[PDB]
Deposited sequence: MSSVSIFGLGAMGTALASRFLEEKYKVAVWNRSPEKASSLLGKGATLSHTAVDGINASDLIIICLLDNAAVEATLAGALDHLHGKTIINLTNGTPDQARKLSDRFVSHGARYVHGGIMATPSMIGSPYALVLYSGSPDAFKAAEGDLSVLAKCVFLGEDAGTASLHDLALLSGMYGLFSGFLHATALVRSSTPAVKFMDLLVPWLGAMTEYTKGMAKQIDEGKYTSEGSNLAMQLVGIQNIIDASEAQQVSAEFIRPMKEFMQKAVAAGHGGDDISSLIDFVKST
């Protein structure tokens, strides 16, 4: 038996999957619309069986407030994306009354092979139907740090996609352009493997920051001419400028790592 809170795109995908493996799923929402046992209140859903999955951790505190009374005995798995510190404040608040997972998966991928979920009380932890489990510490907010990090790299990628598509829209359609992007991103995703190595040791040895700078300026000039915003690339430019100024004129794009603090 499990009892879910939050029936958005992700909490439903999760709830649906627990059903397909024949579980006793209890479910709750602010605004109900289910397909399961429906918890009329948060108290009735707390006493049902606990996989929370909401908009923020504020919503976690807000919703579970009323149910101060029956927390004693339960094992709260918060899948809600958030900060490490939010997660630690919640873990201490809830352990005072008797974990965390970053779902590295879109809803459609839940139950799929490529689904993955990243911390907290390892007694309670010791889910697998949903995705490939990956525990990594008794630190209640370690999963959240790894969530946000991975998302940071995602959001880099989408920022490039959007800029790249936008910049070419006039001349060709986006799909016919994926014929060139998708391989190229593949190449460039490889080059980041041979950059984490540099970052881990401290090489940064030369495709030089001086020429890339005059390159990035050609994208900005070209973006304005195509009526596209180059605001996706500005931080990259600001960081390469810190680098050549600080002496890395002839060093690799790895060198910027020390200028992002």
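The deposited sequence has C-alpha coordinates everywhere except the stretches 1-2, 38-44, 59-60, 110-112, 133, 142-146, 227-228, 284-285.
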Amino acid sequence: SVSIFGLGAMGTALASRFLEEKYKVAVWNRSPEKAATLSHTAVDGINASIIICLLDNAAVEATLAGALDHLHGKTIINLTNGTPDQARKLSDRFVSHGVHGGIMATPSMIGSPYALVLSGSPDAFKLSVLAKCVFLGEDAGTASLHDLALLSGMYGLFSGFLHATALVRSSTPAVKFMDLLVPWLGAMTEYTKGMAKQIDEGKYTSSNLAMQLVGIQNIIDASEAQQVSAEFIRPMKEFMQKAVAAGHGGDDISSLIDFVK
From here on, numbers count along this sequence of modelled residues.
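Here 174-182 and 81-89 are compared by their mean Cα B-factor, and 81-89 comes out higher.
For the segment pair 26-34 and 222-230, the entry gives 26-34 the higher mean B-factor, averaged over Cα atoms. Per the deposited coordinates, the residue with the largest Cα temperature factor out of 195, 211, 51, 60 is 60. When the C-alpha B-factors of 97, 169, 100, 146 are ranked from the entry, the top spot goes to 97. Among all modelled residues in this chain, the alpha-carbon of residue 206 has a temperature factor (C-alpha) in the middle third.
The entry lists a Cα temperature factor for residue 160 that places it in the lowest third of the chain's modelled residues. When the CA B factors of the chain's modelled residues are split into thirds, the value for residue 55 lands in the middle one. Ranked by Cα temperature factor within the chain, residue 252 sits in the middle third according to the deposited record. The PDB entry assigns residue 188 a C-alpha temperature factor belonging to the middle third of its chain's modelled residues.
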